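Below, in C-alpha cells: the form deposited in one PDB entry, a single chain.
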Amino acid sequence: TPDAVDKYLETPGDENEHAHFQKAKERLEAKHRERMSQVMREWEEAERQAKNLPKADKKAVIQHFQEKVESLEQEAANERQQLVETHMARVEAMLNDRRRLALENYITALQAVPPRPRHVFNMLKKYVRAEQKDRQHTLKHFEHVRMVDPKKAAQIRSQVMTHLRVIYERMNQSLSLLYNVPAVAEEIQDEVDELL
C-alpha cells in the first residue's frame, strides 16, 4: 500500500526532507530493478518455450515483452519525475519563506526613523542572498526537466522561465524601495553595487 511515491507525497513540509527525497528515490529505484528483472527472466522462459514454434508466435511473443518493458520503463520514468517535481516544489516553498522573512526585515530596517544605513544593508544582503539562492534553485529545476516527455516539459520550462523573470522584477522592485527613503541611499549605494 504505502508506495514509495505515495509515502513521499504524503509526508511533506518535513524538516528532514532531503532524507525523504533520497529514501524515496532509493526505494522506488530498488523496487523498479525488481519488476524489471522479473519481466526479463520471464521474457526468456517465454522465448525458450515458444522457440519450437512458428515465426508468427515467437515474434509475437517478443512483441509482448518488448511492449511490457516499454510500458514499465515509462511508468517508472514518471514515478521518478513525480518525486523530483514534488521535491523541487517543496524546496521552492522553503526558499520562498526565506525570501519572505529577509524582506520583512529589509523593510523593517528600511522603516526605522533613525535610518541606520549600516542596518539596511545588513538586512538587505540577506534578502538579495535568498533571492539569489532562489534564482539558482529555479535554474536547477529547469535543468531537471530531463526526461522531457510530452509538452509538459515545455509547459514546465515556461512556468520555470516565468517564475525566473518574477524573481528578478520583484527584487528590483524591492531595491526601488530605497528611493522612498532618500538618505540611507547614499551611505548604502556604492556598497550596494559591489554586492552586485
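Note that the rigid core is defined as the largest set of C-alphas that superpose within 1.5 Å between two forms. Sequential numbering from 1, following the sequence displayed.
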query: Mean temperature factor over C-alpha atoms, higher-scoring stretch between 80-88 and 102-110; finding: 102-110
query: Greater mean Cα temperature factor according to the PDB record, 36-44 or 123-131; finding: 123-131
query: Residue, from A56, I167, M147, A154, that the PDB entry assigns the highest Cα B-factor; finding: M147
query: Record-listed C-alpha B factor of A24: chain third; finding: lowest
query: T138 by Cα B-factor - lowest, middle or highest third of the modelled chain; finding: lowest
query: Assigned third (lowest, middle, highest) for the C-alpha B factor of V184; finding: highest
query: B-factor third for the C-alpha atom of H163 within its chain; finding: middle
query: Entry-reported Cα temperature factor of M171, expressed as the chain third it lands in; finding: middle
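Missing here is the form deposited in another entry; even so, the following discussion is about that form.
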property: Moved residue between this form and the one not shown - picked from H163, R135, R129, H64, where its Cα shifts 2 angstroms or more relative to the rigid core; result: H64
property: CA of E104, rigid core aligned, shift of 2 Å or more between this form and the one not shown; result: no
property: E85 C-alpha moves between this form and the one not shown by 2 Å or more, core aligned; result: yes
property: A76 C-alpha moves between this form and the one not shown by 2 Å or more, core aligned; result: yes
